[PDB]
Each structure stands twice: as C-alpha cells, then as structure tokens.
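For reference, the structure is listed below as structure tokens.
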Ligand SMILES: Nc1ncnc2c1ncn2[C@@H]1O[C@@H]2COP(=O)(O)O[C@H]2[C@H]1O
Ligand SMILES: Nc1ncnc2c1ncn2[C@@H]1O[C@@H]2COP(=O)(O)O[C@H]2[C@H]1O
C-alpha cells in the first residue's frame, strides 16, 4: 500500500519486514489502532469541558466509567509509544514521550489517595489535572496528518468541501474550549460579585441553559459578531475576554485564509486558460492586427484546444517508452485500422513511425500545400476532408484515413499539386528527417510508397524521372516477391479506388 | 455551436445526430427549456418562504395558481429527466432521478386528500412539504454550470463584475432562507413566550413590517455586523441563531475569497510585468552594475516591450503553418511592398524567407556592425534610420525598407564597413544558416544580391575578389535572361538611388 | 514621452502630428487640463453632499460662486469632449457624450426659470439634480486610469502604500456618500416620526454635530463594526440601512482583497526563493541523501546565489547584441585588464571570446580537473585561488586573472596535471567547441596559447609531441613577425613570473 | 558570515576590512549593539504610554532612572549614527540623522530649565515631547529588517508561526498606542463633560482598572468586534473614534492578508502536485482515453514520483561538475559496487559513463525490448527483476546490479531477444550516442563488453558475424595482456553465473 510504495517494491518491503522481525510505525496493527486512539482522544477532549462545568459533583457510573476508559486508553497509548530499540525508546522518552506519559495519568486515583491521607480546592485541582491531561493534542495532530497523507491523496477528486468541514470542526472545538474557560473562570473564583452568572441567574437555571449561554458568548467573541456586553463588572473578566477575542480573531483569520486558498485552488484550470488567452490576444494587439485576424486566431485557438490547456510535448516526453508508445497506438487506432498499408506490415514498423507523428489542425479554406513550394513534412488525414487541386486536371477529394505529401519527401523536389482544407481538418504531420530515418531501414515501406506515388502521379499526368528510375531499378533488383507484389497491387488498387471516390 | 465543437466537426455532429435519431442532452429543445425550468425553480424558491410566512391562510387564486404552475413545471421537468434507453433511465432513477421526482410533487393535493379522510399541524406539514419541494437546487446548479460553460466563456472580456453579482444573489438568497427559517421557527412553536415577536408585537403589525424585521436580523447575522439582541429569552432561539451565525460566517468567508480571487485575476498582466522587471533589475543589481547601465537597460526594456510581455517565440511556434505564415506576411507588409526585389520575385520565395526573420530593436548610438568583425546575420531595416561609416569615405544613411549585412554572408569573409544607429531602430535579423538554406535553391535571388552587393562595394571602393569571380562566372554562365538582366539593372538603379539619398 | 513611445519613434510621432494638423487625445494641452478637470470634479463631488445637507438654505456667494464655477467647468469639459471629425463626434454623442452633457448642466438656472413661471419640493428637486450632476464619475475614472498608466509605471519602485491610500480615499468617498444619503432620506421625507433625528434632536444641534453623527453611523455600517441601533422605528430606514450594509460589505471585501493582493506582491522574491530552495531540498530528500550532502548542497546554493534568483541564460539571451556584449565586457573588466594577452590583442577577438564564457563557482577542496581524464572546457579564474598538483613535482598556485585547461583543448589529448580549489573560487568556463570556433580564425591567439602551453609543460617536465610539432611547424612557417615574437616572449615571461608566484 | 558572503570571499573581506582600517555597518560591534538599541527602543515605546497615562505625577526614582537610561541610550545611538567620512556624515545628517537626533533628546531637562526660568500645560507639553521622542521607529524597523535578513533565512524551515507572532505583536503595540491616545485625549482636554471617564468614574478607580477599560475599547475598535458605545456625548470623541476605527480596520486587513499569504505559502508543494496531476489527467481526458488507461497512468505517476515533483534535469543541469558527479556516484553506489566490471576498471571511466545515465521506471508486464526492433539505448537494472524470453530457449531472469541492451548498440543491428518486467523495476538508461562517445576512447571496456556479449549470445545460441569478426580481430591484435585476459575471464564467469541464477 502506501507504506510499500514509500519503502520500495514488494521485495524491498519483504526484506524490511524480515529485518524488523529478525512494532515499527508502518505496521497494520498500529495503522488501525491509531484511529481508535484518536477517537478516544477526541471523546476525552469533548467530555473534559463537560465534566469541568459539572464540577464532578455527580460523577456517577456513566461518567466515572468513561473517565476510567479514557485514562486506560491514554495509558495504553503511552505504553505503546514507549516501545537499538532501547536507545530509540530512551531518546523518545527524553524528547517527547515522557511529557505525554505524564499527561496521560489517572488523576482520579491520585486525588482519592490525597483525600485519604478544601472541597472546592480539590475540585479545582481535579479540573486542572483533567485539563492538563488533554496534552495528547500533538499525537492527535500527528495521527490526523498521517491519515491525510494516507487517504486524502487516494482520490483527491471528489470536488467536495472536506477541508472546509475540517476547519469548521476545528473552530467548533476552539469555541467549545473558549466557552469552557469562560464558564470555569467564574467557577474557579466561585463568582463572588455580580458577573454574568449573577446577572442572568444561570446557576439557578438548568445546566443546559448555562451551557447554551456560555457557548453563545464563546461563539459571538470567537466570531466577528460583537453581541458582547458593553463592559464587565469584575476585573479578570476583561482580561479573559481579551484572550477570547484574540483567539477568535486568529481563528477567523485562518478560516478566511483557508477559504480563499480553497477558492483559488478550485478554479485553477479556468484561471490558466484565461491567462493564456489574454496573453496571446494581448501579444496580438501589440502588433496591431486587424479584428478579422483576431476573430480567426480566436477561432483557431478555441477549435484546437477544446477550452483546454496541456503541454502535450512535455507530458509525452515525460512518460516512458511503453506507455507513450501504446498511448500513441490507441490515439490513432482509426488510422492504423483504415489505411491498408499499415495492417499488412510489421507492427514494429507501424509503431516506430507512429511514435513520431504530430497533431495539427487546419481551418477551412486555408492552403496547406502550395504548388511549387519546397516540402518538409508528410500529412496523415486523421479526420476531416481535404481537396487536391491542379490546373487543367479538375480537382479531387481525400477523406479520413489517407495521406499526402510523399512526392517531395521521396524525390527531394518541389510540391506538384495544391492542397486545401474544405473543413476543420485534424491531421498528423511527420517531419522529413524522421520519415527518412524511419523508412530507410524498412525498404518494403519505401517500395510501397514509391508504387502508390507513381500511381498517383500517373493519375495527375506528370511523370517524375527520379521516381520512374527508382521504380525501374527496383523492378530490375531482386526484390520481386510474389506476395509482396500482390500486396503492393492490392494497396495500389485500394488507393486508386479511394482517390476516385 | 458549443455542442458541435465538443463533439467534433460538422460531419461528426451529423453522424451523432443520425445515430441518436436511428432527447439527448445536447439538443436545442432541452438547451432552450432548461432556462425556463431554472426560471420556474427560482420563482418557486423565492415564493415558498413567502407562502410559509403567510402560512397559506389566504392562498387565493393568485397564489394557488402560481403553486399549481410551479408543481406542473416540476412534474414536467421530472418526466423529461426520466427519459439502451431503458437501462439509462433505470440507472438515473436509482441514482438521483427518484429523489428529485419525490421532491417534485403537488403536496397540496395530498394535503386535501388527507383532510378529506389539527389545523396548525396541517399548516406545519404543508410548509414542511413545500420546503422539501425545493430539492431542485441540484438541477438548478447543474443548469447554471452548463449556462456558464456555454455563455460565460463566449466573450469573457467585458471587464464587468458579473461573478460579483452572482455571489451577491447567492448571499441574498441565503439571507432570505435564513430569515424565513428565523420567522417560521417561532411560528412552528407558535411562539408561546416573550420572544422577539411578543417583544415588538410584529404579529399585530403588517406582514411587510414583520418580513422587514426578520430580514433585518437575517442580514445582520449573515453579515459580520452584530446588531443582535444581547441575548434570547427562549431555549431554541439561541441554537437557531448559532446556525444562522455559522451559515453567515461561511457565506462571508466565501464572499471574501471570491472577491480576492477576482482582484488577483484582474491585475494579472501588471503583476507579471512587475515581476519580470523586478527580476531583471534584481539580477542586474546582483552583478553590481552602474546606475547608467540600469537606466540604459530600463530604457531598452521599456522601448522593446510597450509595457507588455509575451513569449513571441513560443506563441509563434504553437501556431500552425498558414496562420503563422500569414501573420508574418502581414507584419512585414511595408517591407515586402517597399523593397523592389521582393515584389518582382516569386511570392513563395518571399514567404519562405520571411518565415525566418527575428525582431530586434537597437538604441541610438549603439554600434550594430563593426568593421573587421566576423558576420553571422543579415539585417532588414523595418523602421528607423541607420548610418553607414568607413574611414576616408565620409558616411551615408539607410532609411526604412532597406537592408545590410550581405557582404559577409555572401563572401564568407569579414565585415567591411561599420553600421551605427542614429535613433531607436526596429530591424529584422536573419541568421546566416537560414539565409543560406533559403537562398541556395533560389539562384535568382543570389544573383540579384550579388549584383547589388557588387554595386555597393564599388560605391565604397573596396573590391572583393570572390564576389567578382562569382559575378564573372555567372556572366559566363547560361543564366543571361534579358528580362532577368533588366530586372537586376532596375533593382541596382533603385538601390543606388536609395543609397545616394 | 509615453505617447511618443506608444505611437512609435520621433519620426512616427512627428508624422502623426503633421497628419493631425493637416485636439487629439495624446496632446499636451489635454494631458494637462485633464488634471484640472478631475480636481474640479472631485471638488464638486465633495461639495454636493454638503449642499444637499444644507438644503441650499443659505447658498450665499461663497457657495453660489463655487457651484457656478463647477457648472462652468463641467460645461467646458463637455464641450471639449464633443470635439472624419464630424462622424467621430456624432458617434461619441450617440454613445456616451450626450449622457455626460445632459448630466453637466447648470440646474440652478433651470430651477430659477421654473420658479419665475412647494419650497420643499423645489429644494428636493434641486438636490436630486445636483446628485444626478455627479455622473462625471466615468470620466473621472478614465482620467485616473490614464494618470496611473502614465505616471504610476514611471518608477513603480518606491515601496510605499500608494494603492492602499487609493482604496482608503475610495472608502472615504463611499462613506461620505452613504452618510449624505442617510441624512437626506429623513430630509426627503421631512422625518415626520421619531427617527434618529428626533431621538437625538440633531436638528436643533449644530450642522457640524449632525454631520458627525451621520458620518459616524455611515462609517460604522460601511465598516464591519456594528454600533448600529438595535432597530429602526420607521419603515424605509430599515431598507436604506440594508443598502448601506450591502455597499459597506462590498467595500470591505474589496479592501481586504486589495490588501492581500498587495501583501502577496510585496514578498514575491522571497516567495520564489523559498519555493526554489524547498523544491531542490525536497528533490534531494527524495533520493535520501546524507545530511552532510544536504549541508554541502545548501552551502553551494547559498554561495552561488546571494540569496537571489535569476534565469541568467534566459535574460542574457533576450537582450540584443550590443547590450549583452557590453554587459559581458563590464562584468569581466578585471580579467581583460589583468591578463596581458587580452590587452595586446584585437578587442574584436576579446569580445568575441568573452561573449561565450559561463559563470561557475567551486567549493574549497573540490577537485576541478583530474589527471588522466578527458577535457572539455577551459577555465578562467575570475576570483579566488587554485592549486595545481602533480606527483613528483611539488605543487603551485594560481591567483586571480589567470587560466588553465588549455593543454587538452589544444592537443586533443587527456588532462595532465590536477587542479584543486583551496577556497570558494569563482571561475569562467569556456566550452571546447566555442573555444575552437573562436580561435580557429585568429591564429595569433593560437600561437600565443601554444607558446605559453609549451612553457608551462616544460615547467612541469612532460613534453607533448603534438604541441612540439605544431610549434616547430609555426617556427618554420612564415609567421615570424618581430613584434609578434616580442609580444609572445613578454607574455611567456609574465606567465612564468605569475606561475612562480 | 552573512557579511562575508555578501561582500565576497575571505580574501575580499580581509581586503575590505584593511581598507576600512586604513565603524562600518557590517561590523560585529554594531551588529551586536543594534539588538540592545532595539530592546531599549521597545522598552521606551512600551513605557511612554504608561507615563503619559500616569501624567508623571509620581515619576519617582524607578521611573525617572528608566527615562534617563532611555534618553542616554537614544543619545548614544544618535551619536553612533552621526559617525570621505565627513561628507557621508553631513549627507546622513541632512537626510535623516538630524531628525532622529532632534527626536532623541532628554526633554525632562528642557522642561526643568523652562520651569526654573500652568502645571497641566507643562504636563501636556512633557507628554507631547515624550510621544515625539518615539520617532526611532524607523531605525527600529531597519534593525528588524536587518535581523530578519541575517537570521530568519538561516533556517527558514521550522514550520512554526513566527511571522504570525510578528503581526500579533505589531497589533498589540498598535492597540496599546490607540488606548494611550484614547485615554490621553480626555486627559488632554481634562474631560470637562460626562464622557466615559465620568460615566464609569474611572478616575476614582485604580489606574489598572482604567487602563483595562481603555485597552478594552482599544481592542474592541481595533478588532472587528463592535462593543462600542451607541454614541459619544462629546464632540472630539467621535472623531478620535473614527481614527481608531480606521487604524483598526487597516490593521485587521493587513492581518488577514498576512494570514492568507502564510496559508498559501504553507501548502505550496501539495498545490503544485495537485495542479500537475489534474493537468495530466485533464489532458488525458481530452483525448478520451479508457478508464483502464487512466488507472494505469495514475499508477505509473504515483509510483515514479513518490507524491513528489522535481525538475530533475533542470536541477542536475544547474549544479556544477563535482557536485553533480558525486551525487551521481552516490546515487548508484549499489550499481558500481555490485557489477564486477565497474570495480576492476578506471574510476575515471566509471564516473564518465555514470554522468550520462537516466532514471526510468517500468510497470510489471510491460514490454521493454521487443525482438526484431531497432535498439537505441542501454539498460542498467538498478532495482527490480526482469525476464529475458526468446522462442525455443525457455526463459531466464535478471536481478539487480545487471544490464542488457548491448547487442544492438555494439553490432548496430536489431534486437535479438525480448525483455519483460515482472515487477515495478527501476532501471538506468544510457543513450546510444553517449554510450559510443564514452566507450570509443576506452577500448578495454569495449573488449570486455564484446566478450560478455559473445558469451551471452552463445548462451542463447545465435551467432553474430560482426561481433565474432571483431573478437577475432581483437585476438589477432596486440591487446592480449595476461591480466586483462584474466579479468575478462573472471567477468565472463561471473556474468554466466548470474545469468544461470
Ligand atoms: N490525383 C491524386 N491522387 C492521389 N494523390 C495526389 C493526387 N494529386 C496530388 N496528390 C498528392 O498530394 C501531394 C501534394 O503535393 P506533393 O508534391 O506533396 O505530392 C502530392 C501527392 O502526394
Ligand atoms: N606548472 C604549471 N604552470 C602553468 N600551468 C600549469 C602547470 N601545471 C598545469 N598547468 C595547467 O593546468 C592544466 C590542468 O590540466 P590540463 O591537461 O588541462 O593542462 C594543464 C595546464 O594548462
């Protein structure tokens, strides 16, 4: 799983496990018990303020048993954290384990022993010990970080407000702690003067009502909603309210920061697309191009990228050989399945040439190949129609699953015909050097291309002396296999039928 | 349109439509009816709290008819969403369609049937059913997202606060819902004790006044403006106010996040320009350059980029062949129209060479070409004046639509004269290898360049043996066309006249 | 200036001015009068709420004259904005000029004419007309944007809170408008019931006191500081307070957004440096390198970059030929001034080689050149000391302004000696291909390098057959100039003296 | 230290120190005394509001001595700041030193002298002078910035909220100043009417109580928690409360901005990783790949990068020669230590080849080398197992510390066998050109590779004519060293044993 990936492969993980055997943190038992320990810690942290407010006056079996269970869980956690191994345990104890173990203790037994050998003072001491027992927050945060690293990155694509709920729960816990403190401070001093407790007679009211009022001001101060009293009668109340206001301000600022971070991270793709389009349009405006140019460029950009951005060259370069090769194989399955030359050929040659193609998109009406120009690349029509024109020869059309541009790459001359796009056509270009290097060691493909090129040129009417001489030399050569000749004839017939259509 | 672009080309869209025919979401009927459905849903969501506040005591024809129309619209929407096709419909029903259909029901008929077979309880049940009928928020959000994807990206350049109005409307709707809840909660319990309703006697007041007060506290709590009561008398009022404060805090945080995201996205271009300029100035300060150097570099940067940034190389590389080629053709229309050699030549050659130019800008007084140095590029003066100097030959000037640097690229020797810039001159450079590869297969351009170079060198006085030998060989060669000779003579005369000026 | 740069060069600006002459926005008169117009508009916008509060009851000469001056300024601005030119003026009038001209009118004369042909109604109409006359905010914002584009980018490096003051002034103006509205609304209705005016008897108080109270609640509501009344007695007061709360919330959100944008833009350099260092340290941790490796890499990074970041290659590539060349010339002035070979040589050769150097920094103790290895570059010691060691030859030192690594680049063999760094040394590397291409056409530099190399090798003791044969061929060749021989002898003597030291 | 790095090397620092000697800011004495000066300034700024509130009525020895010490410290700081050197001192005095010196003066002596030659007026003047003496804030901020530049960047990796505490302290100081002003303003006017002082009788209360109330409203207004009075009775109180509200709003906005900046900077690595993964997945979705493809690509990305991002090529290119070389040497210590050919060879050759390796990772089951294809690179199995298969030869396995792909790179033919990955294998690839250029000048490595290749091919059964001819020529050649032959035989035996296993 995650531990195996972080360690190495299966062999490395097995070797590490054998070395450990001959208790480590990356163990299934610990990786399952940490959740139970965190749940127990959360329950204890939620119940301790309630017990402090209740002052343990009626700590009956339902509460005493819960406190004992929490203390036992904390003791077990400390014992597990205590455990080459002796030195590590000593270092952990000297660093942080001793403090956590001291914080994890059944203070109820200590209080009972002290009383066996000031009831309000005893209750205050017990409450202070219970509050100090909540020092497991560091371990809880470490476990939460481990869980986030192990599970939050497993999908990370639900598009849900989970982190928002995380800060919501954190703020709720902070507000609960603030209310507990603001209720215990009058209780710690027993509230002699007319503070809020005597102002609203909350002591004579139900415990739920007093908790509601305390939480009410806790939330009001922690939030930026000031429903607070004009002022306080006592002396320490002002200072604890400053403390509450400070922690609430910090919590609200962190809340706003997390919210804006999430908002910025949410709309990232739209942000980069808008940035790129404004960038290109602003560059185009720098040169003061006509508005028609602006519209045409915008149309091209909107039609090539479907409102999307990607460094296709960079991403394809990053990937390894088989993944990239098979991605290319899948992306052009229609091309390889349609054009008969690819099917009746070595698949090694097919993938070797396919690995060098490049995506291109052409607007309708735009000239692709002009007669008389110098040629530098092939063109495979992946999708869309195209037109081939030449004076005194009418015109013809090429559909999907075909190709052009082989004459100049073969004879090293100049472009003969002219090629236009009658629609938004998506083609695959192949550079002259890549084509030559792929085709040089595969003479069968060269012979087939020469034959189909001769057929097409005879269809047009012009005759290339170099291509004719090459064909004559090939015929005079020993490469005259009957099966190869039949395959070439079938390919030529299919190409002629497609060109006629 | 957008659906056609997302699907493919016209042929692909037609094939998909034929396959569907032989009800799909990308249909004009649905793409027009979704707006009406969303408008009806918004009207229902705005009217339901009003009816809940009114408790349906006077649900006369104007309100009963509106409720019936909303129920009919919801039923029609559910029926349309219900509809290979049977399996898809079953999956949609099992996933979300069943819940929406249950939420879209005329609960008034059910209430009437129940009463036919506790008036306050009946009113409360009707209000609860009406509130639950607002579960079409998911479909409304989906339609809003579809509309944003279809229309907000169509222009995306109005520089107007439209998203700001979006969150403003969202906050207004949230405040309306909060006020409806805060008014119905006393109504749900009938408000026995002295809550706010008995405190201000809002029941005896007009419905508009009570709505205003409820919305007043709803907005006060939803905002971070605490005008709330010191505290509440009842028990549930505190809890519902905690809920209101929480939702208001979340809404305000999201508002602030969206606002800062929009602010950051607004000033993006200035941000990147400032970052780039501070980057370059900080690098320059790292080497501890003199302040005069700082001023000169800042002037160059401010004059090359007109306070703008663009990866011209990257953007030009991304574009396809025809768009980039025609952009280059337009950007140098003055150059091709002015210099007589370009006009009386094959346009294929013109664009082939033009495709390889590079923009350059030179400060006044800066040396561009120094005598005796080794040359590596051409220079086409697109705009600005330049000076040509050489000892014992006075000096001359070159205006726009001219060029220099051909001697070294032709004879493969060293720079003869010296070239200075008397103003901020914008030139077009052409590398030696690109120039040689473009010019090698077009011997007419080479002959014309050789002739004009010989004329210029004779004007200076120095004679190049290699160039003279090449000219003599060309004269002895068979390329002695009368039209070509006349064109070369006219070009030489024009160049001499320009050099004299 | 800015207009000249935005238009072109001096010639282009002069041509545009001549074409205009044979009133344009890029004119000095308009570019100076816009500031006066904006000042007048600001004064009018600041004085209109004061007059509305005063209800024009005592509009004596000091106020009537100010109103007349503001009206005259607005009329002059409209007249100037009114003015090929007729069509442009008509289009501007149809678009926005007509609305501004209607808003810029002396409504006092219209009111006087109407009265010549309901005193409270007349005062209310005059106040409404004065408020509507403030529609010049669009022109004011356009002028402010023009000023920001013309002046804020002139320096943009004061590190002062100027934009912060901009939003502070905007918020102050918004608060003034809100207070004016909140004071005029009771005045518009004459405040029949016991609103705040009757609550505090502000009417009987001084005008300054009433303005202070109105501004007090305006600022309280516009800010997120709710000192507002528990509730309002009247009916429209609640609605106008909702409007005030909404505008204040929007203003505060925009304030926070601008503040965080400025904060993010302020610490940009530290942010990128921290990002880069965490990036490299995290990569290094990915490979699990020892802590000593971490410290050494951190030391190297902190010593090469002085806590700075810059794409030196990219920035140097962007710059043109003369700027980059002269920057390189200045950066190595110590090198060219110290080493005697550079001074007694063609400066063209000096800059040609200097243009290809690369900065490098080496830690103390790190081996730079190891004996027996294959060499690929030169090294120029710009600063710091270095040690040359070889078995059975003791060792020697090389100070600043020297070089090594020529033996392998000359004889195309293997490294002979070994080179160590005894301190943090900053050197300049020169690749073998660049060195060969620079030195091939400058045989004097090759001869000098060969002579000094022979001297150094004889100092070590080893003799290179290829170098000796080349020296013998050069001696037998015709390049035996007395001045060149004397210069070579002096350079060899200086190199020997430096090597001895 | 930091000054030495900012100046240069040890020699440069020593030269600068000698030049200064033959008082500069980069001195240890000043760099240690600045902290004491800042501590004294902070103490004075904390004590001045307390003395102003106390009105110096009981300025006994504990306070008079503290004031005298603060004045003496300020005078010493001004004297030190006062001190080629005369011109610098004059310029500093004309710029800022004079203002600071005027602000740093013992105003108590001036007041005593004035009284020797209106007790409330004298106290007010003394308080104003004490407030004006706090103008050392500029020097304090400069010292704080220097300390941040010298120490905060030393580690910058504690992951602690130190900047948060910085703004917390800044806000606390601002609140203290605001409370001091809000308490002195009634004291400045002596508070004639019933302001807050007469409202709560704070004058008759203890000084601590009055300070608590003043700080209470200072914090309430500075924060966005409005517990402020409904309104003020006096006239100037409203204006000073506007000032307090403005400064508090600015402080809170800056607090929020710093908080969100820190939040964004904290989660940077996760942000870029999420951006990159969403980018690649979105590109993959653009081509509409099957879900199995999505899962496989996600697995590959998660296994190559351990949830990490790094431009390994860029980072490795940035580093110098020795650091990069030794990093490569450490990263492949297992490879060099395991494979016997590396150990019994020149370490120069080992590092020369190691410098050109490239990391690669392959999924289980993916074909790496297919029979009949054209080869272009080597493969070194750093970790993981691999399988070698060929028809009619069963199959074999290759473990870690081995290599394949030498046949095609040697004979320049085609791949003979086939290679599969049976697990997640991490290999090191070496390009054909780099391998040839490294191996061409080290014929011993070529001979060893040829011998092991012949052994492996004979193990398979196929015989390469070119390799056999090369081996025969090498045997007939003079390279027949007994030690080299024994080493080759041992390497061949080890390779055969490994291949058998
Ligand atoms: N009638 C035709 N049938 C098939 N292919 C053609 C025809 N005319 C032109 N082509 C192809 O279109 C190409 C355009 O110009 P080229 O010189 O590249 O070589 C041409 C041929 O490959
Ligand atoms: N005694 C010496 N005096 C001057 N230069 C030397 C001496 N020894 C070595 N070098 C230089 O240091 C270089 C290190 O190895 P190279 O083979 O590059 O060639 C060497 C010489 O250029």
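Sequence positions for chain D are given in Swiss-Prot numbering; the residues included correspond to 108-129, 135-195, 209-242, 252-635, in order.
This deposition comes from electron microscopy, 3.6 Å.
Quick reminder: no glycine exception, Cβ is built from N, Cα and C everywhere.
Copied over from Swiss-Prot, here are the features:
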| type | residues | note |
| --- | --- | --- |
| BINDING | D:539, D:540, D:542, D:549, D:550, D:590, D:593 | 3',5'-cyclic AMP binding site |
| CARBOHYD | D:338 | N-linked glycosylation site |
| INTRAMEM | D:345-366 | intramembrane segment |
| MOTIF | D:358-362 | motif 'Selectivity filter' |
| TOPO_DOM | D:165-173 | topological domain 'Extracellular' |
| TOPO_DOM | D:282-295 | topological domain 'Cytoplasmic' |
| TOPO_DOM | D:319-344 | topological domain 'Extracellular' |
| TOPO_DOM | D:367-371 | topological domain 'Extracellular' |
| TRANSMEM | D:143-164 | transmembrane segment |
| TRANSMEM | D:216-236 | transmembrane segment |
| TRANSMEM | D:372-392 | transmembrane segment |
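Feature map: Swiss-Prot annotations on the structure.
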residue : record                        : contacts (Cβ under 8 Å, 6+ apart)
D:338   : N-linked glycosylation site   : none
D:539   : 3',5'-cyclic AMP binding site : D:503, D:509, D:511, D:512, D:513, D:553
D:540   : 3',5'-cyclic AMP binding site : D:512, D:583, D:586, D:587
D:542   : 3',5'-cyclic AMP binding site : D:508, D:509, D:510, D:548, D:549, D:550
D:590   : 3',5'-cyclic AMP binding site : D:541, D:629, D:633
D:593   : 3',5'-cyclic AMP binding site : D:630, D:633
_Positions on the same chain near the intramembrane segment (D:345-366), where near means CB under 8 A and six or more residues out_ = 165, 305, 308-310, 312-314, 316-317, 329-330, 334, 336, 372, 375, 378-379, 381-383, 385-386
_Distance between residue D:252 and residue D:242, Cα atoms (Å), gap of 9 unmodelled residues_ = 13
*Around residue D:549 (3',5'-cyclic AMP binding site), how many other CB atoms lie within 10 A of its CB?*
19
*asked:* Quick test of the contact rule: Cβ under 8 Å, at least six residues beyond the ends. What residues does that give for the topological domain 'Extracellular' (D:319-344)?
replied: 165-167, 254, 258, 351, 363, 366-368, 370-371, 374
*Residues in the topological domain 'Cytoplasmic' (D:282-295) grouped by DSSP into helix, strand and remaining coil*: 5 helix, 0 strand, 9 coil
*Can you count helix, strand and coil residues in the topological domain 'Extracellular' (D:165-173) using DSSP?*
3 helix, 0 strand, 6 coil
*asked:* Is it possible to get the count of other C-beta atoms within 10 angstroms of the C-beta of residue D:550 (3',5'-cyclic AMP binding site)?
replied: 18
*In terms of Cβ proximity under 8 Å, which residues at least six beyond the ends of the topological domain 'Extracellular' (D:367-371) contact it?*
319, 323, 327-329
*By DSSP, what is the split of the topological domain 'Extracellular' (D:367-371) into helix, strand and coil residues?*
2 helix, 0 strand, 3 coil
*asked:* Check the DSSP secondary structure of residue D:542 (3',5'-cyclic AMP binding site), expressed as helix, strand or coil.
replied: helix
_Can you work out which residues elsewhere in the same chain, 6+ from the ends of the topological domain 'Extracellular' (D:165-173), have a Cβ less than 8 Å from its Cβ atoms?_
179, 257, 260-261, 314, 317-318, 321, 341, 344-345, 348
*In the same chain, which residue numbers or ranges, 6 or more beyond the ends of the topological domain 'Cytoplasmic' (D:282-295), come under 8 angstroms Cβ to Cβ?*
109, 143, 396
*asked:* So the entry has no coordinates for 5 residues flanked by residue D:129 and residue D:135. How far apart are their C-alpha atoms in Å?
replied: 12
_Greatest inter-residue Cα distance in Å for the 3',5'-cyclic AMP-binding set D:539, D:540, D:542, D:549, D:550, D:590, D:593_ = 17
_Given that 13 residues are missing from the model between residue D:195 and residue D:209, what is the Cα-Cα distance between those two, in Å?_
11
*Could you break down the residues of the motif 'Selectivity filter' (D:358-362) into DSSP helix, strand and coil, giving a count for each?*
0 helix, 0 strand, 5 coil
